[PDB]
Ligand SMILES: [Mn+2]
Ligand SMILES: [Mn+2]
Ligand SMILES: [Mn+2]
Ligand SMILES: [Mn+2]
């Protein structure tokens, strides 16, 4: 069990050496904007992971991309952008790439079934690329918002369909799980999809909006959630997603305190 | 005088053939072809429409693709694909002898909530590129006001102005969507303000709702006062098409009769 930060906290050099001066076991680089996995950023990150020693997880680009689009060119562009992230991950010796499910476009709200086919198509094409590069894709459960796919474990199954691959699993977002139901009841079901939970996002909210609050500032029972993870022997990374560095560091300590309280129970 | 039209989506996602043969037997002055899915302006579709536009003496307006595209995107490739797709529509329009291509304002994604100014700049760049393409083809862009939805641009006239900025072009005006306006305010009061952007109102979408969702009901089923809207459109001398956007033909056809009836009444107000 290792703790990380999403660089989502702004430019890269501006955010990186400031994160590095703390004690996070892993960095989650989100492949967007100025943090994009360009050659320059790969080389910069490659040298940073040598001065220090940390694990890297990469978050694929997601913004203004729809894996589930009826527009074929939008789908093709989505695989192309996610290919950049997988390649960077490969170069970075990273082993996990986080990917978002798509959404139902307004024009095609009555054709949810065929929208799901689209997302499946794109995801297969992407998992195929992950297989070439020995990279695992963690499909991420989404916050409860109108039109978005993969809110529920059941809807995640409908995108995953019959994909049988040692390279497809789940990124468990605890915060998103709270907008849809009880975050502890997601663990069993998500672990039963593909290779199961291979990455975790940690943040808090009040069960309605994706607020990304500091741990404790919402109503998620994290103690209970850590229990379900320790139950399934989750050795991966718990990555923190907050609005600023200090809240993330406060989240770090608080969650490492709950891990203390968890492990002593097994006596 | 104002012409009445129907949008091709009253039949999406049917073939363009079945859609239009079904549309053809009703008596619309214009057809609005939305350049999406099976109705996309492909060589086969453009050639079919040309033949069909020679049998029926009708006017064609085209709606550019909008869906899953974002002209305001931080992602340059998404931005570029958006112009490529709109280029297709402008090119199809030109071959179809259309005067007007309808175009959508962009969207602010959650990730870039704190980049509004930069996002509008993006939408301005896209528009510039698209207007320039339009100028080469003798095509007019009708930038469409949007429904009242978090993150979407061009809901109000002043947000539309933030996309247009200083573009000085005989080829940029507004597509006035009445139903969208109703989700944001009084539809009749949009007319004056939209008429002041670029070359003014060059196309109109007519459909009804109860003031919150883009329901696309048939005229009368919501709470829009269409006499007022038509009254204000008359005052500005609007003589373009009024395009009905409904979910089915029967709604579209009855909307046509009700609006024609309302326009008759507006002419009586001139006493
Ligand atoms: Mn995510
Ligand atoms: Mn989130
Ligand atoms: Mn439209
Ligand atoms: Mn609409």
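What follows draws every value from the coordinates through simple rules; no lab data is involved. Using ideal geometry, Cβ is built from the backbone for each residue, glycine included, and neighbour counts are taken over all protein chains shown.
Worth pointing out:
- Candidate set from the stretch B:131-151 (those that are within 14 Å of chain A (Cβ to nearest Cβ) and surrounded by fewer than 18 Cβ atoms within 10 Å (Cβ to Cβ)); member that is farthest from ligand 1 (Cβ to nearest atom): B:148
- Restricting the stretch B:87-103 to residues that are over 22 Å from residue B:177 (Cα atoms) and in contact with a strand residue (DSSP E or B) (Cβ under 8 Å, 6 or more places away or on another chain), the residue that is nearest to ligand 2 (Cβ to nearest atom): B:92
- When the stretch B:238-271 is filtered for residues that are touching a strand residue (DSSP E or B) at 6+ places or on another chain (Cβ under 7 Å) and either surrounded by fewer than 12 Cβ atoms within 10 Å (Cβ to Cβ) or closer than 26 Å to residue B:199 by Cβ (or both), the ones remaining, listed by number, are B:238, B:240, B:241, B:242, B:243, B:244, B:245, B:259.
- Residue pairs meeting the criteria (Cβ under 6 Å; at least 6 apart or on separate chains; first within 14 Å of chain B (Cβ to nearest Cβ), in the stretch A:163-177; second within 16 Å of ligand 4 (Cβ to nearest atom) and not in a helix (DSSP H, G or I)): none
- Residues satisfying the stated conditions in the stretch B:29-40, i.e. more than 14 Å from every other protein chain (Cβ to nearest Cβ) and in contact with a helix residue (DSSP H, G or I) (Cβ under 7 Å, 6 or more places away or on another chain): B:31, B:32, B:33
- Subset of the stretch A:208-229 (residues that are touching a helix residue (DSSP H, G or I) at 6+ places or on another chain (Cβ under 8 Å) and within 14 Å of residue A:186 (Cα to Cα)): A:220, A:222, A:225, A:226, A:227, A:228, A:229
- Against the test of being buried (at least 20 other Cβ atoms within 10 Å of the Cβ) and either facing another protein chain (nearest Cβ under 9 Å) or more than 20 Å from residue B:75 (Cα to Cα) (or both), the options A:61, A:101 yield a single qualifying residue, A:61.
- From the options A:8, A:45, A:77, A:92, residue that is more than 23 Å from residue A:104 (Cα to Cα), buried (at least 18 other Cβ atoms within 10 Å of the Cβ) and in contact with a helix residue (DSSP H, G or I) (Cβ under 7 Å, 6 or more places away or on another chain): A:92
- Residue match in the stretch A:213-233 (condition: buried (at least 17 other Cβ atoms within 10 Å of the Cβ) and within 21 Å of residue A:58 (Cα to Cα)): no
- Residue that is under 26 Å from residue B:13 (Cα atoms) and more than 16 Å from ligand 1 (Cβ to nearest atom), where the choices are B:211, B:198, B:222: B:222
- Members of the stretch B:212-250 that are away from ligand 3 (no atom under 16 Å from the Cβ) and within 14 Å of another protein chain (Cβ to nearest Cβ): B:212, B:248
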